[PDB]
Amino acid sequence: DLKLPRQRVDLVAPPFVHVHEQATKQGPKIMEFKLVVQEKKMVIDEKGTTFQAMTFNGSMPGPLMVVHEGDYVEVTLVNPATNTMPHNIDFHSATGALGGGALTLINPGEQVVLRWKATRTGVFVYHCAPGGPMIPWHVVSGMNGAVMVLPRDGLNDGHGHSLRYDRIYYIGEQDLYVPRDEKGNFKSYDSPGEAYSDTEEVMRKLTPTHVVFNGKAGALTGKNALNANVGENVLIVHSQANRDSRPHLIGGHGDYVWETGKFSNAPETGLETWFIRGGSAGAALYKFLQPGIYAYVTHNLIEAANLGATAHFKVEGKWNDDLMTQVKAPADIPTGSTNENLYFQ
């Protein structure tokens, strides 16, 4: 008896995002999405460590869903018979029934259809939450993604100015808890169930073994670096379902940042580093001003460099020597400065 037009959305794997409008003149629709749970072995680091992952749609993170304020979101959650345990979904964007979790518990072989009204604007986490200690285990096994609820007039700066992005990426950050043997080597398991007890022991100490973007160390570097061009305004949505993060674009800034991720709040301007509280998504716009490689990290640099949490942007364009220049290339230190430099020891 909800008498609105239906609009079917085909999700795409992160860090890319399905087609959508920012500002729209469409009225509310029933926006139809399908998420299929896949338990699978995944590679999580550069040394080939494997992990018995649990995912929405086969990815870590799960895909970004994009709708507008006042849309209804009708989600078909599917739990294929090849999976081994029950799964459900909690949308932080939704109101009631534990975000949908109390209405979406499905055994392998089942599917369920949940509808929730998009009454709250922002980027939000969604994640599996089957009950009790399965909640954090499913989440840190990979069962989390995000949904973006745009205002119908698109983003604004909180001061009556339209903001429009030329390009959007979704960076899901994942804390992983991989058991080690007595020698310190990561252990392999044949099934998520078999990994559980040893994994819970690692989780209890609250220190991840890996902190990764798009499901693995190096996922968003090399061949898979994120592309942009000088002059493009890029929206970077960052989610972390379980653990804090502090995103930073090395060589750039956050021109407009919704740290808490909710578009009813004016963004902060000109940030160096922002903060994603665990259990949320945030978003930053940046207009690229310089070409070259940028590193996008969590700015616990140990996590970024040593536990997997670095992405790269490769930005095409022309260097701006006014914003930054190498005045003198590396050269031998001159002897006339010896005394003066002795004051800086």
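Position 1 is the first residue in the sequence shown; the rest follow in order.
Give the stretch, out of 251 to 259 and 130 to 138, with the larger mean C-alpha temperature factor in the deposited entry.
The recorded data point to 130 to 138.
Of the two stretches 231 to 239 and 215 to 223, which shows the higher Cα B-factor on average in the entry?
Between 215 to 223 and 231 to 239, it is 215 to 223 that shows the higher mean C-alpha B-factor.
Of the choices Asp244, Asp175, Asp153, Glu200, which one's C-alpha carries the largest B-factor in the record?
Of the candidates given, the C-alpha B-factor peaks at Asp153.
Just grab whichever of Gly96, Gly184, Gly122, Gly145 has the top CA B-factor as deposited.
Checking the PDB record, the top C-alpha B-factor among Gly96, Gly184, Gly122, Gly145 is at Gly184.
Against its chain's modelled residues, does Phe56's Cα B factor rank lowest, middle or highest third?
As the PDB entry reports it, the C-alpha B-factor of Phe56 lands in the middle third of its chain.
Taking the chain's C-alpha temperature factors as the reference, tell me which third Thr269 falls into: lowest, middle or highest.
Lowest third - that is where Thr269 ends up once the chain's C-alpha B-factors are sorted.
Ranking every modelled residue in this chain by its Cα temperature factor as given in the entry, which third contains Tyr170?
Bottom third by C-alpha B-factor.
Thinking about Cα B factors across the chain, which third does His210 belong to?
Within its chain, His210 is a lowest-third residue by C-alpha B-factor, going by the deposited values.
Tell me, lowest, middle or highest third: where does the Cα B factor of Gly282 rank within its chain?
Lowest third of the chain for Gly282's C-alpha B-factor.
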